[PDB]
$ cat model.pdb   # PDB, C-alpha atoms and all ligand atoms
ATOM      1  CA  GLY A   1     -34.076 -94.496  60.647  1.00  0.00           C
ATOM      2  CA  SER A   2     -33.981 -91.028  59.106  1.00  0.00           C
ATOM      3  CA  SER A   3     -30.331 -91.399  58.103  1.00  0.00           C
ATOM      4  CA  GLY A   4     -30.550 -89.924  54.617  1.00  0.00           C
ATOM      5  CA  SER A   5     -27.233 -88.976  53.030  1.00  0.00           C
ATOM      6  CA  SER A   6     -28.048 -91.601  50.402  1.00  0.00           C
ATOM      7  CA  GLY A   7     -27.423 -90.811  46.747  1.00  0.00           C
ATOM      8  CA  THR A   8     -29.495 -93.779  45.605  1.00  0.00           C
ATOM      9  CA  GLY A   9     -30.294 -91.805  42.470  1.00  0.00           C
ATOM     10  CA  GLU A  10     -30.690 -88.040  42.750  1.00  0.00           C
ATOM     11  CA  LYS A  11     -27.440 -86.189  42.057  1.00  0.00           C
ATOM     12  CA  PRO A  12     -25.249 -85.208  45.037  1.00  0.00           C
ATOM     13  CA  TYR A  13     -25.701 -81.605  43.908  1.00  0.00           C
ATOM     14  CA  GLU A  14     -28.915 -79.908  45.031  1.00  0.00           C
ATOM     15  CA  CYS A  15     -29.691 -76.255  45.754  1.00  0.00           C
ATOM     16  CA  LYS A  16     -30.343 -75.725  49.464  1.00  0.00           C
ATOM     17  CA  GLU A  17     -32.232 -72.506  48.727  1.00  0.00           C
ATOM     18  CA  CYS A  18     -35.097 -73.636  46.495  1.00  0.00           C
ATOM     19  CA  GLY A  19     -34.561 -77.322  45.786  1.00  0.00           C
ATOM     20  CA  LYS A  20     -32.952 -78.097  42.435  1.00  0.00           C
ATOM     21  CA  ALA A  21     -30.660 -81.017  41.610  1.00  0.00           C
ATOM     22  CA  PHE A  22     -28.104 -80.716  38.809  1.00  0.00           C
ATOM     23  CA  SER A  23     -25.843 -83.247  37.089  1.00  0.00           C
ATOM     24  CA  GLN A  24     -22.929 -80.803  37.073  1.00  0.00           C
ATOM     25  CA  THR A  25     -21.213 -79.052  39.980  1.00  0.00           C
ATOM     26  CA  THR A  26     -20.662 -76.046  37.717  1.00  0.00           C
ATOM     27  CA  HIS A  27     -24.402 -75.951  37.031  1.00  0.00           C
ATOM     28  CA  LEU A  28     -25.289 -75.678  40.720  1.00  0.00           C
ATOM     29  CA  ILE A  29     -22.816 -72.839  41.256  1.00  0.00           C
ATOM     30  CA  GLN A  30     -24.242 -71.023  38.235  1.00  0.00           C
ATOM     31  CA  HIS A  31     -27.868 -71.403  39.323  1.00  0.00           C
ATOM     32  CA  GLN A  32     -27.025 -69.692  42.614  1.00  0.00           C
ATOM     33  CA  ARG A  33     -26.610 -66.570  40.480  1.00  0.00           C
ATOM     34  CA  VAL A  34     -30.400 -66.307  40.288  1.00  0.00           C
ATOM     35  CA  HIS A  35     -30.443 -66.334  44.091  1.00  0.00           C
ATOM     36  CA  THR A  36     -27.680 -63.732  44.360  1.00  0.00           C
ATOM     37  CA  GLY A  37     -28.935 -61.209  41.824  1.00  0.00           C
ATOM     38  CA  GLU A  38     -32.486 -60.023  42.449  1.00  0.00           C
ATOM     39  CA  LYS A  39     -34.224 -56.771  43.387  1.00  0.00           C
ATOM     40  CA  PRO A  40     -35.794 -57.463  46.808  1.00  0.00           C
ATOM     41  CA  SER A  41     -38.354 -54.782  47.658  1.00  0.00           C
ATOM     42  CA  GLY A  42     -36.636 -52.283  49.934  1.00  0.00           C
ATOM     43  CA  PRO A  43     -32.939 -52.916  49.206  1.00  0.00           C
ATOM     44  CA  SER A  44     -31.152 -52.135  52.472  1.00  0.00           C
ATOM     45  CA  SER A  45     -27.903 -54.072  52.063  1.00  0.00           C
ATOM     46  CA  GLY A  46     -26.319 -57.063  50.353  1.00  0.00           C
TER      47      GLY A  46
HETATM   48 ZN    ZN B 101     -31.915 -72.538  43.903  1.00  0.00          ZN
END

$ encode --input "model.pdb" --output "structure tokens" --more "lines below"
Ligand SMILES: [Zn+2]
Amino acid sequence: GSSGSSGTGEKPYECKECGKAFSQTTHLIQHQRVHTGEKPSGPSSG
């Protein structure tokens, strides 16, 4: 009941920031780039 952690189908690689599954570990790491490279109004730090 509510166990999850089951890769019945979806790839074991999914972005935990937006929600995107990729069929390549390298793809997931690359996508993150979009998350770590934006101009957030009022850039204080980061
Ligand atoms: Zn993402």

$ atom_distance --input "model.pdb" --atom1 "atom CA of residue 41 of chain A" --atom2 "atom CA of residue 22 of chain A"
29.3 Å

$ residues_near_ligand --input "model.pdb" --ligand "ligand ZN 101 (chain B)" --cutoff "10 Å" --atoms "all atoms listed in the file" --output "list in words"
residues 14, 15, 16, 17, 18, 19, 20, 21, 28, 29, 30, 31, 32, 33, 34, 35 and 36 of chain A

$ atom_distance --input "model.pdb" --atom1 "atom CA of residue 12 of chain A" --atom2 "atom CA of residue 46 of chain A"
28.7 Å

$ atom_distance --input "model.pdb" --atom1 "atom CA of residue 8 of chain A" --atom2 "atom CA of residue 24 of chain A"
16.9 Å

$ decode --input "model.pdb" --residues "segment 10-26 of chain A" --atoms "N, CA and C atoms" --output "PDB file, in the first residue's frame"
ATOM      1  N   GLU A  10       8.061   3.173 -16.640  1.00  0.00           N
ATOM      2  CA  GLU A  10       8.792   4.435 -16.627  1.00  0.00           C
ATOM      3  C   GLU A  10      10.256   4.212 -16.261  1.00  0.00           C
ATOM      4  N   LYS A  11      11.141   4.969 -16.901  1.00  0.00           N
ATOM      5  CA  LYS A  11      12.572   4.856 -16.643  1.00  0.00           C
ATOM      6  C   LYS A  11      12.901   5.259 -15.209  1.00  0.00           C
ATOM      7  N   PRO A  12      13.954   4.648 -14.648  1.00  0.00           N
ATOM      8  CA  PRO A  12      14.396   4.929 -13.278  1.00  0.00           C
ATOM      9  C   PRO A  12      15.005   6.320 -13.140  1.00  0.00           C
ATOM     10  N   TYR A  13      15.030   7.062 -14.241  1.00  0.00           N
ATOM     11  CA  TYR A  13      15.586   8.409 -14.243  1.00  0.00           C
ATOM     12  C   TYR A  13      14.499   9.448 -14.501  1.00  0.00           C
ATOM     13  N   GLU A  14      14.161  10.211 -13.466  1.00  0.00           N
ATOM     14  CA  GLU A  14      13.135  11.242 -13.580  1.00  0.00           C
ATOM     15  C   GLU A  14      13.525  12.487 -12.788  1.00  0.00           C
ATOM     16  N   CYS A  15      13.380  13.649 -13.417  1.00  0.00           N
ATOM     17  CA  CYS A  15      13.718  14.913 -12.774  1.00  0.00           C
ATOM     18  C   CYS A  15      12.808  15.175 -11.577  1.00  0.00           C
ATOM     19  N   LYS A  16      13.416  15.426 -10.423  1.00  0.00           N
ATOM     20  CA  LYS A  16      12.664  15.693  -9.204  1.00  0.00           C
ATOM     21  C   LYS A  16      12.462  17.193  -9.006  1.00  0.00           C
ATOM     22  N   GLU A  17      12.514  17.941 -10.104  1.00  0.00           N
ATOM     23  CA  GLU A  17      12.336  19.387 -10.050  1.00  0.00           C
ATOM     24  C   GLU A  17      11.099  19.813 -10.836  1.00  0.00           C
ATOM     25  N   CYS A  18      10.859  19.142 -11.959  1.00  0.00           N
ATOM     26  CA  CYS A  18       9.710  19.449 -12.802  1.00  0.00           C
ATOM     27  C   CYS A  18       8.888  18.194 -13.081  1.00  0.00           C
ATOM     28  N   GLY A  19       9.578  17.091 -13.357  1.00  0.00           N
ATOM     29  CA  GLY A  19       8.896  15.841 -13.637  1.00  0.00           C
ATOM     30  C   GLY A  19       9.106  15.373 -15.063  1.00  0.00           C
ATOM     31  N   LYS A  20      10.325  14.941 -15.368  1.00  0.00           N
ATOM     32  CA  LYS A  20      10.655  14.465 -16.707  1.00  0.00           C
ATOM     33  C   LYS A  20      11.502  13.198 -16.640  1.00  0.00           C
ATOM     34  N   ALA A  21      11.030  12.141 -17.292  1.00  0.00           N
ATOM     35  CA  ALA A  21      11.746  10.871 -17.309  1.00  0.00           C
ATOM     36  C   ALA A  21      12.546  10.710 -18.597  1.00  0.00           C
ATOM     37  N   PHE A  22      13.806  10.309 -18.458  1.00  0.00           N
ATOM     38  CA  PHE A  22      14.679  10.118 -19.611  1.00  0.00           C
ATOM     39  C   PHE A  22      15.188   8.682 -19.675  1.00  0.00           C
ATOM     40  N   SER A  23      15.553   8.242 -20.876  1.00  0.00           N
ATOM     41  CA  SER A  23      16.053   6.887 -21.075  1.00  0.00           C
ATOM     42  C   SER A  23      17.579   6.868 -21.092  1.00  0.00           C
ATOM     43  N   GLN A  24      18.184   7.891 -20.498  1.00  0.00           N
ATOM     44  CA  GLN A  24      19.637   7.992 -20.445  1.00  0.00           C
ATOM     45  C   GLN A  24      20.082   8.850 -19.264  1.00  0.00           C
ATOM     46  N   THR A  25      20.852   8.252 -18.361  1.00  0.00           N
ATOM     47  CA  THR A  25      21.342   8.959 -17.186  1.00  0.00           C
ATOM     48  C   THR A  25      21.980  10.290 -17.571  1.00  0.00           C
ATOM     49  N   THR A  26      22.746  10.281 -18.658  1.00  0.00           N
ATOM     50  CA  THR A  26      23.413  11.486 -19.133  1.00  0.00           C
ATOM     51  C   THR A  26      22.401  12.554 -19.533  1.00  0.00           C
TER      52      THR A  26
END
